[PDB]
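Inspection log for the structure reproduced underneath, given as structure tokens.
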Amino acid sequence: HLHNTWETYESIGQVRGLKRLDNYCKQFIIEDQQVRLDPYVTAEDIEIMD
DNA sequence: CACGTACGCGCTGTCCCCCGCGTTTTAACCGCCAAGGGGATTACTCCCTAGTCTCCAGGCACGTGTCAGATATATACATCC
């Protein structure tokens, strides 16, 4: 946990655990921009997710 | 036994759905109360009811005579050539 690297999809290539990165990107980015861009999301929901 | 033709089987394509693998969840499992009821035994008491016995009588089985419905003729009236 000290050799953690700031990487990119083109900077990785093909290593084991790419499905974990895909699940991370899909779930977190899609749900975070969905809860950010929705009009029915209150301030309480946005502060508990933050 | 002869004929003939329909179908079992082999081959090929194709597409689809199940299998293998990785990742994430989730509930099975084990260990815990908290009290209470169900049920397996041990012992005891009581009483109802089914076995046992005796005697008898009618239900069942067999046999036989009849009897009413179904079937097959006997004779008479109507009818075609």
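Identifiers for the structure tokens are assigned positionally: chains receive A, B, ... in sequence, residues are indexed from 1 per chain, and ligands are indexed from 1 in the order shown.
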
Interface residues on chain A facing chain B, 9 Å, only C-alpha atoms (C1' of nucleotides), written as a list in words: residues 17, 19, 20 and 23 of chain A

Just to be explicit: take each residue in the selection above, keep C-alpha atoms, and write the result as a PDB file, in the first residue's frame.
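Okay, result.pdb is ready:
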ATOM      1  CA  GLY A  17      -7.333  -7.715 -12.118  1.00  0.00           C
ATOM      2  CA  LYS A  19     -12.118  -6.732 -14.265  1.00  0.00           C
ATOM      3  CA  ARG A  20     -11.747  -5.161 -10.804  1.00  0.00           C
ATOM      4  CA  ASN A  23     -16.109  -2.802 -11.962  1.00  0.00           C
TER       5      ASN A  23
END

Would you give me, as a PyMOL selection string, the residues in chain A that DSSP reads as helix (DSSP H, G or I)? chain A and resi 9-12+18-37+43-49
